[PDB]
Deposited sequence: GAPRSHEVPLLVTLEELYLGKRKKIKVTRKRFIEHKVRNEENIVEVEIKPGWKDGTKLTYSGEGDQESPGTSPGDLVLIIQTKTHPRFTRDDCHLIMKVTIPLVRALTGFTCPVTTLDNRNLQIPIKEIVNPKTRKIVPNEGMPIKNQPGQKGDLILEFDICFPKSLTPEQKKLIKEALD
């Protein structure tokens, strides 16, 4: 079998790639449907090796292989994004930047977020046979703590908390 590396964006929207295969170097157009998961097998007849003149070329087997996305991790029909944010924003509030698979979607969080927080939002992957409907967007936070604080900051913190 021959692996077919695709991206989450190509799996999100859809794409008709042009892969190169040698059996004699030819280019085969392979369509990608939204929602396809890893392991998906595709077979193209005639694109394989020919054993003899008196027989036609064999088939070509491809296996969907998703590449690592710099901003997302896939969990079935859900997407997960790690966002590094300063402790102060986690306690007081802030709007989170989200460059979806395609636009910019600003998500303002007001409530207190902690290391175990999982903000669940239709902003994940498209669900099979359900037009316009997508999975949930899970927001995970990487709260950055101050390296050090002055004696006065600590006093104010104790008074505040």
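Stretches of the deposited sequence left without coordinates are 1-6, 30-39, 119, 139, 180, in sequence order.
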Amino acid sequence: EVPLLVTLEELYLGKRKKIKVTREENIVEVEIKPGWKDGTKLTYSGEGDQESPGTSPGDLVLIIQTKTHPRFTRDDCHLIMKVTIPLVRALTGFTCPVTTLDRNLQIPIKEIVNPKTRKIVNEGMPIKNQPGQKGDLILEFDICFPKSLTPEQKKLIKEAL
From here on, numbers count along this sequence of modelled residues.
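Mean C-alpha B-factor is higher over 13-21 than over the other stretch, the pair under comparison being 13-21 and 145-153. Mean CA B-factor, 56-64 versus 92-100: the higher value falls on 92-100. When the C-alpha B factors of 35, 46, 135, 131 are read from the deposited coordinates, the top value falls at 135.
Per the PDB record, 105 has a higher Cα B-factor than any other of 113, 125, 105, 42.
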